[PDB]
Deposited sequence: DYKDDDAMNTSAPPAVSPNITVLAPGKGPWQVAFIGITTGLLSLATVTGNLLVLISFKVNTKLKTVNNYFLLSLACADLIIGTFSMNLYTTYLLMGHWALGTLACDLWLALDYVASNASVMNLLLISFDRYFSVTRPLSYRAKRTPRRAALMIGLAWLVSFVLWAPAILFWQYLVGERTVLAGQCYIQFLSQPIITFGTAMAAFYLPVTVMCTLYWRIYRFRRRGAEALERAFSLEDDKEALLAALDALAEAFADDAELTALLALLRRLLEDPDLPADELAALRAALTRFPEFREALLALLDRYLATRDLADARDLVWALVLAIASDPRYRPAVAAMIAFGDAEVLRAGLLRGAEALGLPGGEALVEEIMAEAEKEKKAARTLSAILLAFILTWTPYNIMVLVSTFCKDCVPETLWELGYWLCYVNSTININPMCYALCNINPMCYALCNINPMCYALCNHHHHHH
């Protein structure tokens, strides 16, 4: 009777005052995609939470008609915007992993802040006029969907399909990066080996697929390790041909590949693809292998590459867990309501599940720190 108001009263203040906090550069496209999630969470956590607080009364619902439509429209627009923005984030991560050169290079604040606008527009148009322009005593529900079949269909379409897409994409990127990290780890863990030695090159080839040139080089090196353009292909590496071709005289291929990885990671154009696999690696075996490659290169200037690559690796580990925290929170909190729609329980649990989709808001901004 009194704890209901307190829990949903402080959460709104902990969310609204916890969401205006994220609103000084930080122009990373990840932050651009998180901005819309933060705005939708703010709108929810203030308007929908307060109106549900006022709904949970002995008079069924106060301020009917107009407010019963306005609150419903705001809730069902902001929730769809949040789901579609999470889908956008997941697809962005998947394409950044899969196409690190064709697509990851062309990620700019423009042409990515336009995909954000389409996320809201295809959601606002679908949900706002469908109920606000559709024209019990206090009951407030979307009259345009007063049926069990309709609610099951909308729940499926707006939750399970995006959820299965997100899980498939996250699992795919996790496996794609994990296999490369394992192969790279075995490249140094086992010495005088051929299987792991070729596996490292295979993982490098799979990582770089959007340029064809780097792939051609990896195919050439695979053929060499088991014609005369080996030097011409290696000429793409500046200030590195003399050392690398020296190791190409002739076993010794363990030092050649580890030297090749450092040289590939040098150019910022195709660095992040290597940085991802390094980030999901053991951080010790890969560091030792990279140091071995640097020492096999002859150390022209020094170990000026290993230090910041690990810095870029950990800056990728933070972005990997942040996606997990936001996605996992959405999966856990929204599930109780969308399993209740599956079984179609008293109103004492329908309202308990309805506000469980609002506690997703407060835990959304915590990973942003």
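Several segments of the deposited sequence have no coordinates for C-alpha: 1 to 31, 55 to 60, 173 to 180, 272 to 279, 304 to 310, 405 to 410, 436 to 466, numbered from the first residue.
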